[PDB]
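> Before I ask anything, here is the structure I am working with.
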2 protein chains.
Amino acid sequence: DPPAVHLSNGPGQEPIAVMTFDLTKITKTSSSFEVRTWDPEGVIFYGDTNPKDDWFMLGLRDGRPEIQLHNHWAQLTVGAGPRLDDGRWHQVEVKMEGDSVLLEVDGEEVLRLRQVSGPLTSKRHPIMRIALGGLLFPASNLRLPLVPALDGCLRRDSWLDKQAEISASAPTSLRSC
Amino acid sequence: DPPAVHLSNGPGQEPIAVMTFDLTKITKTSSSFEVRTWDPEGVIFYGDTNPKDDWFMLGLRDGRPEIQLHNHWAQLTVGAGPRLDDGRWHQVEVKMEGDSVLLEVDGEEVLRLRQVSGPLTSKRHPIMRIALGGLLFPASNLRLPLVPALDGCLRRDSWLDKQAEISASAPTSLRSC
Ligand SMILES: C[C@]12CCC(=O)C[C@@H]1CC[C@@H]1[C@@H]2CC[C@]2(C)[C@@H](O)CC[C@@H]12
Ligand SMILES: C[C@]12CCC(=O)C[C@@H]1CC[C@@H]1[C@@H]2CC[C@]2(C)[C@@H](O)CC[C@@H]12
């Protein structure tokens with residue numbers, strides 16, 4: 001695994017890494033990574049501009065991707081795609097195209113959430129945070145709670161536009177797989 | 001094709017068949033059929049209790065399933081699953097399990113819409129209409145318009161609970177494939 005990190009360190013409460021982005025600079029509105037796990041439930045990543053009313057989470061529930069999103073346009077809890085909890089490395093891409101959010105798993109589009117978002121460079125609070133392996137609000141506050149810690153590995157990740165990233169923080173040291 | 005019917009007769013404005021169901025009798029809250037088409041866009045079926053604010057549509061957009069749903073709990077436009085416009089027969093099942101609506105394509109769950117519905121036998125207007133191959137309101141009134149007529153075939157269909165069906169109507173004669 002090209003430098004692979006564990007998505008949760010121990011209890012799986014908080015994220016392993018939080019990155020902050022300036023939306024006025026953002027061009028690339030997509031993210032991509034490889035994930036490996038035997039765990040059927042947990043958070044893969046979370047993103048927000050506001051943890052009360054403009055947020056997004058991607059995780060697994062019953063082995064399969066689940067997206068939760070709450071913003072001015074849309075509030076939803078959706079599962080889609082094949083199980084990913086077979087301990088093999090899977091390529092995932094989450095992209096915003098027009099007003100849609102698309103999820104691709106192993107080269108195939110498995111979900112398209114249409115009419116869920118107005119442009120990034122036009123939007124309100126112009127800072128976006130991306131949290132890897134945990135949420136930035138309690139799990140009990142999701143639309144549909146899940147147990148946050150995902151026991152899996154993450155590698156070959158790229159988050160939004162690196163030229164728009166303002167800062168990156170880890171709350172502890174990141175362990176390798 | 002065990003008695004297969006065309007999903008649109010000519011212009012594709014109106015449905016080929018409309019069935020009406022008594023929700024106080026409903027037990028089976030699922031529907032299933034096989035579909036065949038080369039057409040990448042159109043309506044497969046529509047259902048409602050109220051065409052202003054409690055309705056559902058399943059069709060194809062860009063070859064792939066798309067669900068549109070508008071009710072008291074949820075308003076959404078979602079694409080998911082593989083392309084079905086390869087002129088092969090595909091098995092589709094749409095089921096309500098708890099508060100979710102699940103779509104299965106060729107034996108695989110490809111979409112789970114969670115937290116979208118309160119029970120049927122508990123719900124408001126206790127008549128549900130299911131329209132095959134068209135809508136019961138203009139297409140321009142969908143959340144996201146599509147051209148309604150789907151040029152495909154439908155066979156081996158079963159809609160909700162036949163012991164709860166109150167009446168069935170066709171606006172013209174149904175043609176075979
Ligand atoms: C999925 C996106 C866009 C695609 C991506 O790379 C990740 C990122 C996660 C945060 C989401 C964002 C789309 C727009 C959302 C949903 C905002 O409304 C609030 C959080 C944002
Ligand atoms: C998908 C369901 C439930 C499953 C099925 O067999 C078809 C049917 C189509 C009408 C939908 C219904 C679920 C509940 C909905 C979405 C109601 O709120 C209004 C229309 C109903």
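Just remember, in the structure tokens the first chain shown is A, the second B, etc., residues are 1-based per chain, and ligands are 1-based in the order shown.
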Pull the closest atom pair for each residue of chain A that gets at most 9 Å from chain B, along with the distance in Å to one decimal, counting only C-alpha atoms, ordering rows by chain and then ascending residue number, as CSV.

```
residue,atom,partner,partner_atom,distance
A:66,CA,B:112,CA,8.9
A:74,CA,B:76,CA,7.7
A:75,CA,B:74,CA,7.8
A:76,CA,B:74,CA,7.7
A:77,CA,B:114,CA,5.4
A:78,CA,B:113,CA,4.9
A:79,CA,B:112,CA,4.8
A:80,CA,B:111,CA,4.5
A:81,CA,B:110,CA,5.6
A:82,CA,B:110,CA,7.3
A:108,CA,B:82,CA,8.4
A:109,CA,B:80,CA,7.7
A:110,CA,B:80,CA,5.4
A:111,CA,B:80,CA,4.5
A:112,CA,B:79,CA,4.8
A:113,CA,B:78,CA,4.9
A:114,CA,B:77,CA,5.4
A:115,CA,B:77,CA,6.9
A:116,CA,B:76,CA,8.6
A:143,CA,B:115,CA,8.7
A:144,CA,B:115,CA,8.3
```
> Return as JSON, numbers by chain the full set of residues in chain B whose backbone-based DSSP assignment is strand (DSSP E).
{"B": [5, 6, 17, 18, 19, 20, 21, 22, 30, 31, 32, 33, 34, 35, 36, 37, 42, 43, 44, 45, 46, 47, 48, 49, 50, 54, 55, 56, 57, 58, 59, 60, 61, 64, 65, 66, 67, 68, 69, 70, 75, 76, 77, 78, 79, 80, 90, 91, 92, 93, 94, 95, 96, 97, 100, 101, 102, 103, 104, 105, 108, 109, 110, 111, 112, 113, 114, 127, 128, 129, 130, 131, 132, 152, 153, 154, 155, 156, 157, 158, 159, 165, 166, 167, 168, 169]}
> Could you list the protein, DNA and RNA residues that have any atom within 6 Å of ligand 2, counting only C-alpha atoms and all ligand atoms, and write them as a list in words?
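After applying the 6 Å limit, what remains is residues 29, 30, 31, 47, 48, 49, 54, 55, 56, 69, 71, 94, 95, 96, 117 and 160 of chain B.
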> Write out the residues from the selection above, keeping N, CA and C atoms, as a PDB file, in the first residue's frame.

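What ended up in selection-v1.pdb:
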```
ATOM      1  N   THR B  29     -45.553  -4.344  -0.035  1.00  0.00           N
ATOM      2  CA  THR B  29     -45.231  -2.970  -0.429  1.00  0.00           C
ATOM      3  C   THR B  29     -43.989  -3.062  -1.314  1.00  0.00           C
ATOM      4  N   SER B  30     -44.142  -3.755  -2.423  1.00  0.00           N
ATOM      5  CA  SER B  30     -43.080  -3.906  -3.410  1.00  0.00           C
ATOM      6  C   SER B  30     -43.677  -4.173  -4.794  1.00  0.00           C
ATOM      7  N   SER B  31     -42.842  -3.845  -5.780  1.00  0.00           N
ATOM      8  CA  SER B  31     -43.204  -4.004  -7.181  1.00  0.00           C
ATOM      9  C   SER B  31     -42.026  -4.541  -7.969  1.00  0.00           C
ATOM     10  N   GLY B  47     -45.992   6.713  -9.458  1.00  0.00           N
ATOM     11  CA  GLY B  47     -47.015   6.306  -8.431  1.00  0.00           C
ATOM     12  C   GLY B  47     -47.301   7.535  -7.606  1.00  0.00           C
ATOM     13  N   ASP B  48     -48.537   7.591  -7.064  1.00  0.00           N
ATOM     14  CA  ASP B  48     -48.850   8.711  -6.179  1.00  0.00           C
ATOM     15  C   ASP B  48     -50.055   8.414  -5.259  1.00  0.00           C
ATOM     16  N   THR B  49     -50.149   9.272  -4.266  1.00  0.00           N
ATOM     17  CA  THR B  49     -51.443   9.335  -3.569  1.00  0.00           C
ATOM     18  C   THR B  49     -52.009  10.705  -3.914  1.00  0.00           C
ATOM     19  N   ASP B  54     -47.477  14.070  -3.014  1.00  0.00           N
ATOM     20  CA  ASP B  54     -47.028  12.752  -2.543  1.00  0.00           C
ATOM     21  C   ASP B  54     -46.894  11.848  -3.758  1.00  0.00           C
ATOM     22  N   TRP B  55     -45.732  11.853  -4.418  1.00  0.00           N
ATOM     23  CA  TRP B  55     -45.577  11.142  -5.680  1.00  0.00           C
ATOM     24  C   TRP B  55     -44.132  10.642  -5.842  1.00  0.00           C
ATOM     25  N   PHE B  56     -44.003   9.716  -6.778  1.00  0.00           N
ATOM     26  CA  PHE B  56     -42.807   8.988  -7.067  1.00  0.00           C
ATOM     27  C   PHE B  56     -42.706   8.666  -8.562  1.00  0.00           C
ATOM     28  N   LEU B  69     -38.821  11.778  -6.248  1.00  0.00           N
ATOM     29  CA  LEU B  69     -39.852  11.459  -5.220  1.00  0.00           C
ATOM     30  C   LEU B  69     -40.088  12.788  -4.559  1.00  0.00           C
ATOM     31  N   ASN B  71     -42.571  13.970  -1.192  1.00  0.00           N
ATOM     32  CA  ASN B  71     -43.597  13.613  -0.209  1.00  0.00           C
ATOM     33  C   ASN B  71     -43.308  14.500   1.003  1.00  0.00           C
ATOM     34  N   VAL B  94     -38.672  -2.668  -6.849  1.00  0.00           N
ATOM     35  CA  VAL B  94     -38.668  -1.436  -6.058  1.00  0.00           C
ATOM     36  C   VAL B  94     -39.464  -1.791  -4.807  1.00  0.00           C
ATOM     37  N   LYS B  95     -38.838  -1.603  -3.644  1.00  0.00           N
ATOM     38  CA  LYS B  95     -39.536  -2.130  -2.452  1.00  0.00           C
ATOM     39  C   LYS B  95     -39.470  -1.089  -1.352  1.00  0.00           C
ATOM     40  N   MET B  96     -40.502  -1.090  -0.503  1.00  0.00           N
ATOM     41  CA  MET B  96     -40.427  -0.160   0.640  1.00  0.00           C
ATOM     42  C   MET B  96     -40.138  -1.066   1.822  1.00  0.00           C
ATOM     43  N   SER B 117     -40.060   7.605   3.958  1.00  0.00           N
ATOM     44  CA  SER B 117     -41.531   7.384   3.959  1.00  0.00           C
ATOM     45  C   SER B 117     -42.075   6.869   5.275  1.00  0.00           C
ATOM     46  N   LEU B 160     -47.445  -3.773  -6.370  1.00  0.00           N
ATOM     47  CA  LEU B 160     -47.941  -3.739  -4.991  1.00  0.00           C
ATOM     48  C   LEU B 160     -48.687  -5.034  -4.697  1.00  0.00           C
TER      49      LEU B 160
END
```
> What's the 12 Å shell around residue A:125, counting only C-alpha atoms, without same-chain residues fewer than 4 positions away, as a PyMOL selection string?
chain A and resi 21-24+48-51+53-55+120-121+129
> Excluding residue B:106 and residues on its chain fewer than 3 positions from it, collect all residues at most 7 Å away from it, counting only C-alpha atoms, and give them as a PyMOL selection string.
chain B and resi 90-92
> Here is a test: counting only C-alpha atoms, which residue of B:119, B:134, B:2, B:126 is nearest to residue B:150?
B:134
> Find the residues around residue A:86 up to 10 Å (only C-alpha atoms counted), leave out those fewer than 2 positions away in its own chain, and share them as an MDAnalysis selection string.
chainID A and resid 36:40 63 83:84 88:90
> Dump N, CA, C and O atoms for the selected residues as a PDB file, in the first residue's frame?

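This is the output file part_5.pdb:
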```pdb
ATOM      1  N   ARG A  36      -9.700   0.299   2.046  1.00  0.00           N
ATOM      2  CA  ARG A  36      -9.637  -1.148   2.302  1.00  0.00           C
ATOM      3  C   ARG A  36     -10.176  -1.449   3.674  1.00  0.00           C
ATOM      4  O   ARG A  36      -9.664  -0.811   4.598  1.00  0.00           O
ATOM      5  N   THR A  37     -11.125  -2.376   3.874  1.00  0.00           N
ATOM      6  CA  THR A  37     -11.642  -2.572   5.216  1.00  0.00           C
ATOM      7  C   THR A  37     -12.395  -3.914   5.221  1.00  0.00           C
ATOM      8  O   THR A  37     -12.832  -4.337   4.143  1.00  0.00           O
ATOM      9  N   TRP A  38     -12.626  -4.389   6.421  1.00  0.00           N
ATOM     10  CA  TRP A  38     -13.480  -5.537   6.675  1.00  0.00           C
ATOM     11  C   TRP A  38     -14.680  -5.072   7.485  1.00  0.00           C
ATOM     12  O   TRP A  38     -15.556  -5.823   7.900  1.00  0.00           O
ATOM     13  N   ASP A  39     -14.746  -3.796   7.860  1.00  0.00           N
ATOM     14  CA  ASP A  39     -15.715  -3.179   8.718  1.00  0.00           C
ATOM     15  C   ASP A  39     -16.918  -2.722   7.895  1.00  0.00           C
ATOM     16  O   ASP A  39     -16.669  -2.072   6.888  1.00  0.00           O
ATOM     17  N   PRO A  40     -18.110  -3.164   8.247  1.00  0.00           N
ATOM     18  CA  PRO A  40     -19.276  -2.801   7.434  1.00  0.00           C
ATOM     19  C   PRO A  40     -19.838  -1.442   7.749  1.00  0.00           C
ATOM     20  O   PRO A  40     -20.774  -1.012   7.052  1.00  0.00           O
ATOM     21  N   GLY A  63     -21.862  -2.457   4.835  1.00  0.00           N
ATOM     22  CA  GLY A  63     -20.805  -2.687   3.896  1.00  0.00           C
ATOM     23  C   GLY A  63     -20.771  -1.730   2.702  1.00  0.00           C
ATOM     24  O   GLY A  63     -19.849  -1.812   1.898  1.00  0.00           O
ATOM     25  N   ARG A  83     -20.883  -3.745  -1.980  1.00  0.00           N
ATOM     26  CA  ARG A  83     -20.254  -3.769  -0.661  1.00  0.00           C
ATOM     27  C   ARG A  83     -18.777  -3.476  -0.921  1.00  0.00           C
ATOM     28  O   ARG A  83     -18.189  -3.968  -1.891  1.00  0.00           O
ATOM     29  N   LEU A  84     -18.138  -2.752  -0.007  1.00  0.00           N
ATOM     30  CA  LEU A  84     -16.705  -2.491  -0.083  1.00  0.00           C
ATOM     31  C   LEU A  84     -15.969  -3.182   1.073  1.00  0.00           C
ATOM     32  O   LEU A  84     -14.751  -3.069   1.164  1.00  0.00           O
ATOM     33  N   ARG A  88     -10.427  -5.875   0.083  1.00  0.00           N
ATOM     34  CA  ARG A  88      -9.730  -5.539  -1.134  1.00  0.00           C
ATOM     35  C   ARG A  88      -9.716  -4.010  -1.264  1.00  0.00           C
ATOM     36  O   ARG A  88     -10.600  -3.371  -0.698  1.00  0.00           O
ATOM     37  N   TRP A  89      -8.711  -3.465  -1.918  1.00  0.00           N
ATOM     38  CA  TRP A  89      -8.575  -2.046  -2.175  1.00  0.00           C
ATOM     39  C   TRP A  89      -9.589  -1.603  -3.235  1.00  0.00           C
ATOM     40  O   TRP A  89      -9.710  -2.195  -4.320  1.00  0.00           O
ATOM     41  N   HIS A  90     -10.331  -0.540  -2.918  1.00  0.00           N
ATOM     42  CA  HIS A  90     -11.331  -0.011  -3.831  1.00  0.00           C
ATOM     43  C   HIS A  90     -11.111   1.472  -4.161  1.00  0.00           C
ATOM     44  O   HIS A  90     -10.910   2.246  -3.209  1.00  0.00           O
TER      45      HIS A  90
END
```
> Within 12 Å of residue A:20, counting only C-alpha atoms, which residues qualify if same-chain residues fewer than 6 places away don't, as a ChimeraX atom specification?
/A:26,46-49,126-132,159-170
> Go ahead and write the selection's residues with N, CA, C and O atoms as an mmCIF file, in the first residue's frame.

```cif
data_model
loop_
_atom_site.group_PDB
_atom_site.id
_atom_site.type_symbol
_atom_site.label_atom_id
_atom_site.label_comp_id
_atom_site.auth_asym_id
_atom_site.auth_seq_id
_atom_site.Cartn_x
_atom_site.Cartn_y
_atom_site.Cartn_z
ATOM 1 N N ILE A 26 -10.810 27.412 -5.098
ATOM 2 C CA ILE A 26 -11.163 26.072 -5.553
ATOM 3 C C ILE A 26 -11.426 26.023 -7.045
ATOM 4 O O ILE A 26 -12.159 26.849 -7.578
ATOM 5 N N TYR A 46 -15.829 13.421 6.013
ATOM 6 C CA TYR A 46 -16.884 14.384 6.289
ATOM 7 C C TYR A 46 -16.438 15.738 5.714
ATOM 8 O O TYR A 46 -15.230 15.970 5.665
ATOM 9 N N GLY A 47 -17.404 16.499 5.285
ATOM 10 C CA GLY A 47 -16.976 17.852 4.783
ATOM 11 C C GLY A 47 -18.068 18.816 5.175
ATOM 12 O O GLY A 47 -19.259 18.488 5.182
ATOM 13 N N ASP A 48 -17.669 20.091 5.372
ATOM 14 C CA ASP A 48 -18.690 21.094 5.665
ATOM 15 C C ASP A 48 -18.202 22.531 5.377
ATOM 16 O O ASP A 48 -17.054 22.723 5.032
ATOM 17 N N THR A 49 -19.191 23.398 5.341
ATOM 18 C CA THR A 49 -18.829 24.818 5.468
ATOM 19 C C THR A 49 -19.396 25.250 6.812
ATOM 20 O O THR A 49 -19.001 26.203 7.493
ATOM 21 N N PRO A 126 -17.138 30.946 2.785
ATOM 22 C CA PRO A 126 -16.151 30.528 1.808
ATOM 23 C C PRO A 126 -14.963 29.725 2.301
ATOM 24 O O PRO A 126 -13.932 29.668 1.634
ATOM 25 N N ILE A 127 -15.107 29.049 3.429
ATOM 26 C CA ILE A 127 -14.160 28.044 3.871
ATOM 27 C C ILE A 127 -14.790 26.637 3.959
ATOM 28 O O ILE A 127 -15.806 26.547 4.656
ATOM 29 N N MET A 128 -14.171 25.667 3.323
ATOM 30 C CA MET A 128 -14.716 24.274 3.440
ATOM 31 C C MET A 128 -13.773 23.407 4.256
ATOM 32 O O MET A 128 -12.548 23.487 4.048
ATOM 33 N N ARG A 129 -14.256 22.619 5.245
ATOM 34 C CA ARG A 129 -13.374 21.699 5.953
ATOM 35 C C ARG A 129 -13.675 20.260 5.534
ATOM 36 O O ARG A 129 -14.857 20.009 5.219
ATOM 37 N N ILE A 130 -12.616 19.505 5.325
ATOM 38 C CA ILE A 130 -12.676 18.093 5.012
ATOM 39 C C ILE A 130 -11.988 17.300 6.130
ATOM 40 O O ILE A 130 -10.796 17.546 6.477
ATOM 41 N N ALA A 131 -12.761 16.396 6.742
ATOM 42 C CA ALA A 131 -12.298 15.650 7.915
ATOM 43 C C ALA A 131 -12.183 14.177 7.499
ATOM 44 O O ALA A 131 -13.150 13.620 6.910
ATOM 45 N N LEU A 132 -11.016 13.540 7.713
ATOM 46 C CA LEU A 132 -10.826 12.177 7.265
ATOM 47 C C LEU A 132 -11.090 11.254 8.445
ATOM 48 O O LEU A 132 -10.645 11.505 9.562
ATOM 49 N N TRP A 159 -7.715 15.509 -2.080
ATOM 50 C CA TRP A 159 -8.906 16.211 -1.571
ATOM 51 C C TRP A 159 -9.078 17.595 -2.170
ATOM 52 O O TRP A 159 -8.223 18.487 -2.011
ATOM 53 N N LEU A 160 -10.150 17.754 -2.925
ATOM 54 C CA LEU A 160 -10.474 19.026 -3.579
ATOM 55 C C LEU A 160 -9.239 19.542 -4.305
ATOM 56 O O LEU A 160 -8.523 18.861 -5.024
ATOM 57 N N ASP A 161 -8.951 20.829 -4.181
ATOM 58 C CA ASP A 161 -7.849 21.460 -4.896
ATOM 59 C C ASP A 161 -6.730 21.825 -3.932
ATOM 60 O O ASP A 161 -6.923 22.692 -3.075
ATOM 61 N N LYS A 162 -5.597 21.152 -4.038
ATOM 62 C CA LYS A 162 -4.472 21.383 -3.133
ATOM 63 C C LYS A 162 -3.982 22.824 -3.191
ATOM 64 O O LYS A 162 -3.605 23.399 -2.161
ATOM 65 N N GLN A 163 -4.151 23.528 -4.313
ATOM 66 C CA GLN A 163 -3.749 24.929 -4.395
ATOM 67 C C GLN A 163 -4.756 25.800 -3.669
ATOM 68 O O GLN A 163 -4.508 26.984 -3.424
ATOM 69 N N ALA A 164 -5.891 25.243 -3.239
ATOM 70 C CA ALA A 164 -6.844 26.022 -2.464
ATOM 71 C C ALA A 164 -6.819 25.667 -0.991
ATOM 72 O O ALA A 164 -7.579 26.207 -0.190
ATOM 73 N N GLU A 165 -5.945 24.746 -0.602
ATOM 74 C CA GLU A 165 -5.919 24.314 0.807
ATOM 75 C C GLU A 165 -5.235 25.350 1.681
ATOM 76 O O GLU A 165 -4.103 25.697 1.310
ATOM 77 N N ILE A 166 -5.864 25.843 2.717
ATOM 78 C CA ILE A 166 -5.407 26.863 3.622
ATOM 79 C C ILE A 166 -4.583 26.307 4.783
ATOM 80 O O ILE A 166 -3.627 26.940 5.237
ATOM 81 N N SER A 167 -4.961 25.150 5.320
ATOM 82 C CA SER A 167 -4.252 24.490 6.397
ATOM 83 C C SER A 167 -4.734 23.054 6.602
ATOM 84 O O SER A 167 -5.726 22.581 6.029
ATOM 85 N N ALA A 168 -3.838 22.271 7.171
ATOM 86 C CA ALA A 168 -4.107 20.862 7.476
ATOM 87 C C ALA A 168 -3.654 20.597 8.904
ATOM 88 O O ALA A 168 -2.609 21.100 9.333
ATOM 89 N N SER A 169 -4.473 19.848 9.625
ATOM 90 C CA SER A 169 -4.192 19.578 11.031
ATOM 91 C C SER A 169 -4.456 18.123 11.367
ATOM 92 O O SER A 169 -5.550 17.646 11.033
ATOM 93 N N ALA A 170 -3.558 17.489 12.120
ATOM 94 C CA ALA A 170 -3.904 16.201 12.722
ATOM 95 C C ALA A 170 -3.897 16.324 14.241
ATOM 96 O O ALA A 170 -2.983 16.852 14.869
#
```
> Atom CA of residue A:72 and atom 3 (C, counted along the ligand's line) of ligand 1 are how many Å apart?
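Atom 3 (C, counted along the ligand's line) of ligand 1 lies at a distance of 14.7 Å from atom CA of residue A:72.
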> Might you pull out every residue within 8 Å of residue A:6, with only C-alpha atoms counted and same-chain residues fewer than 3 positions away left off, and present them as a PyMOL selection string?
chain A and resi 9+151-154+174-177
> Since we have the selection now, will you write its residues out, keeping N, CA and C atoms, as a PDB file, in the first residue's frame?

```
ATOM      1  N   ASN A   9      -7.822   5.925  14.867  1.00  0.00           N
ATOM      2  CA  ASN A   9      -6.761   5.583  15.814  1.00  0.00           C
ATOM      3  C   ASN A   9      -7.364   5.264  17.181  1.00  0.00           C
ATOM      4  N   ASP A 151     -12.817   0.784  10.735  1.00  0.00           N
ATOM      5  CA  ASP A 151     -11.512   0.113  10.768  1.00  0.00           C
ATOM      6  C   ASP A 151     -11.106  -0.310   9.373  1.00  0.00           C
ATOM      7  N   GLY A 152     -10.386   0.607   8.741  1.00  0.00           N
ATOM      8  CA  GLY A 152      -9.944   0.402   7.378  1.00  0.00           C
ATOM      9  C   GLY A 152      -8.730   1.284   7.147  1.00  0.00           C
ATOM     10  N   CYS A 153      -8.203   1.119   5.973  1.00  0.00           N
ATOM     11  CA  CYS A 153      -7.033   1.847   5.495  1.00  0.00           C
ATOM     12  C   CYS A 153      -7.370   2.747   4.331  1.00  0.00           C
ATOM     13  N   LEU A 154      -6.636   3.853   4.248  1.00  0.00           N
ATOM     14  CA  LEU A 154      -6.844   4.851   3.208  1.00  0.00           C
ATOM     15  C   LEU A 154      -5.544   5.112   2.479  1.00  0.00           C
ATOM     16  N   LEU A 174      -0.530   9.985  12.714  1.00  0.00           N
ATOM     17  CA  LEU A 174      -1.186   9.063  11.795  1.00  0.00           C
ATOM     18  C   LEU A 174      -0.473   7.727  11.651  1.00  0.00           C
ATOM     19  N   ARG A 175      -1.136   6.623  11.991  1.00  0.00           N
ATOM     20  CA  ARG A 175      -0.510   5.309  11.881  1.00  0.00           C
ATOM     21  C   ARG A 175      -0.658   4.678  10.499  1.00  0.00           C
ATOM     22  N   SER A 176       0.364   3.931  10.091  1.00  0.00           N
ATOM     23  CA  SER A 176       0.413   3.266   8.801  1.00  0.00           C
ATOM     24  C   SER A 176      -0.201   1.873   8.814  1.00  0.00           C
ATOM     25  N   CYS A 177      -0.613   1.365   7.655  1.00  0.00           N
ATOM     26  CA  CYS A 177      -1.161   0.019   7.556  1.00  0.00           C
ATOM     27  C   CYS A 177      -0.060  -0.906   7.031  1.00  0.00           C
TER      28      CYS A 177
END
```
> Between atom CA of residue A:118 and atom CA of residue A:99, what is the distance, to one decimal in Å?
5.9 Å
